[PDB]
């Protein structure tokens, strides 16, 4: 088996999964319809190992429900005119953000940037108020090609490359008082691995960004990574 098979690097699926396309979970060790006469003997665990088993309208979502409630609250209060997502994957959170603002009556343009848009599962007929843009975050030439968009604005780092140089770029070019810059996932790990540089780098933005303590502790993905532009 091993000799007649070339192996993929499982690092490619880091925090993403094996398949960008959504598939409902399969139960492997119980029936789906458990009989009520044996109700007490039914197993109490989830029944499936699916990595991040969350979806919006048939599209995988890497934002888990607690993260979703924070963004709900944030969209409701800010009524953002632009949401930029750095890192697209399957585009599920793109479609989620456009749909949420649509239901809230907020006229919001959702912009998604990725190096690799081939994984995006959103059909063409469902792309109203959603623009894609191919390009690396490993270089800032990607971001300069932006038709100057409306405010308020939420800028979400979901690609985790060159992040502080991008935050610098965002303060110098794009962000206005009240706008958010959000770093998903990485902050607690960066403080863990490099406390001193992290403390200094974040501290270099003391006069331009603050940490929003309404939302910063409300989800584990956004944990201490919700920042906004101060006056």
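Positions refer to the first chain, counted from 1.
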- Identify the stretch, either 49 to 57 or 181 to 189, whose C-alpha atoms have the larger mean B-factor according to the entry. 49 to 57
- Task: Report the stretch with the higher mean CA temperature factor, choosing between 220 to 228 and 3 to 11 on the basis of the entry.
- Result: 3 to 11
- Item | Third of chain Cα B-factors occupied by residue 97 | lowest
- Message: Ranking every modelled residue in this chain by its Cα temperature factor as given in the entry, which third contains residue 157?
- Response: middle
- Could you tell me which third, lowest, middle or highest, the C-alpha B-factor of residue 139 occupies within its chain? highest
- Going by the recorded CA B-factors, say which third of the chain residue 148 sits in, lowest, middle or highest. highest
- Message: By the recorded C-alpha temperature factor, relative to the other modelled residues in its chain, which third is residue 110 in?
- Response: middle
